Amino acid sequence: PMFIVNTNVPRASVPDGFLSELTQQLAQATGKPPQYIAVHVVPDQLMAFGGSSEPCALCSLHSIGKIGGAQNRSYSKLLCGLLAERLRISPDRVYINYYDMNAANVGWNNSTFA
């Protein structure tokens, strides 16, 4: 899994350890080892949600499997909770795109997975 957050929240408002927490919590939620988890946070973005420039976030979770109806609800509760608690972004100003990747379409270490 790979999780990306883009947000208009400033860099100074991202708390120390945020990437570590995302890594740890995503490992728990996906059942994948922490070593596999990639996390990417992009603050200070020029963005709007519903025509308002109040704090918001646009995110993606790519995973080889572990994506589906109930699972995605659970990820959204977890991730919106974190963005609310840590970045002070209201859950209703977050979008998260979920992508179930075929292993053959993920490159790593000079090759691809299967």
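All residue numbers refer to positions in the sequence shown, first residue = 1.
Mean temperature factor over C-alpha atoms, higher-scoring stretch between 42 to 50 and 29 to 37: Higher of the two, by average CA B-factor, is 29 to 37.
Among modelled residues of the same chain, the CA temperature factor third for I4: Lowest third, going by the recorded CA B-factors of the chain.
Position of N105 among the chain's modelled residues by C-alpha B-factor, lowest, middle or highest third: For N105, whose C-alpha B-factor we compare with every modelled residue in the chain, the answer is the middle third.
Third of chain Cα B-factors occupied by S90: Middle third, going by the recorded CA B-factors of the chain.
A70, C-alpha B-factor rank within chain (lowest, middle or highest third): According to the entry, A70 has a C-alpha B-factor in the chain's highest third.
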